[PDB]
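Enquirer: experimental structure and sequence below, a few questions after.
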Amino acid sequence: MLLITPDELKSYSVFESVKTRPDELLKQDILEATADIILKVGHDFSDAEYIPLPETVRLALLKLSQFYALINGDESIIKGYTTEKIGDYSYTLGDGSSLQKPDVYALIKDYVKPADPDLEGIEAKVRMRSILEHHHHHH
C-alpha cells in the first residue's frame, strides 16, 4: 500500500474538489491510485524489508490521486452509469474530452520489472507467521 497521507494530497493538488473532500474519502482514492502504478511495474511493496519510496514515486501518486479525486465525485462528469470507479475510459467531461490518467510511467520506469532474483524478502514472514508460538502471549 501507499505510505502517504490525505492531507498531503491537498497540500500539493490544486483541484478544490480534492481538497474540499473529507479525509476518509481521500484515503480511498490514494489506495485506489497506487493500484495503477503497481499495475504498470507489475509488482507491489508489501515486504516490510523492501518498501522503496523515492521522490519520483511519491510525485506520481500525488498526480494520480488528484486525477481520480477529480472524477471521483465531480458535478459535471459521469461514466454513463456504471459500477464503482474503473481503470478504463470513462468519466466524460463537459468538454466532451476523455480525461486520461497522468503520464507517470516515466516516474516508475526506473522501478518497472527489475532484473534481480528472488533474493527479495521471501519465505521470511511465512516462517515467523507460521510458527508454533515462540512467545509468552496468546492473542
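Expert: Cool, got the structure. Numbering: from 1, shown residues only.
Enquirer: use CA for all of it now, contacts and neighbours both
Expert: OK.
Enquirer: chain neighbours aside, what residue packs nearest to residue 122?
Expert: Distances taken as Cα to Cα, 6 or more residues apart in numbering put residue 47 closest to residue 122, at 7.9 Å, once the chain neighbours are dropped.
Enquirer: against residue 88, how distant is that neighbour?
Expert: Using Cα to Cα, to the nearest Å, residue 47 is found at 29 Å from residue 88.
Enquirer: looking at the two, which one has more neighbours?
Expert: Higher neighbour count among residue 47 and residue 88: residue 47, with 13 against 8, using other Cα atoms under 10 Å.
Enquirer: number of nearby residues for residue 106?
Expert: 12.
Enquirer: again, but for residue 116
Expert: 7.
Enquirer: checking it next. Helix, strand or coil?
Expert: coil (DSSP: H, G, I helix; E, B strand; the rest coil).
Enquirer: what helix or strand is the residue sitting nearest the centre point of the chain on?
Expert: Centroid-nearest residue in the chain, with Cα atoms, centre = their mean: residue 34, separated by 1.4 Å. Here residue 34, judged by DSSP states H and E, is contained in helix 23-41.
Enquirer: packing partners of that helix?
Expert: With contacts taken as 3 or more Cα pairs under 8 Å, 6 or more residues apart in numbering; DSSP states H and E, helix 23-41 sits against helix 6-12, helix 55-70, helix 105-108.
Enquirer: export those to JSON lines and tack on distance to residue 126?
Expert: As requested, the helices and strands packed on helix 23-41 are arranged in JSON lines below (distance: least, Cα to Cα, whole Å):
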{"stretch": "helix 6-12", "distance to residue 126": "32"}
{"stretch": "helix 55-70", "distance to residue 126": "28"}
{"stretch": "helix 105-108", "distance to residue 126": "29"}
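Enquirer: wait, which of those helices is closest to residue 18?
Expert: Judged by Cα to Cα, the one of the helices and strands packed on helix 23-41 that comes nearest to residue 18 is helix 55-70, at 5.3 Å.
Enquirer: contacts made by that closest one with the rest, please.
Expert: Under the contact criterion Cα atoms under 8 Å, 6 or more residues apart in numbering, helix 55-70 has outside partners 4, 9, 12-13, 15, 17-18, 26, 29-30, 33-34, 37, 101-102, 104, 107-108.
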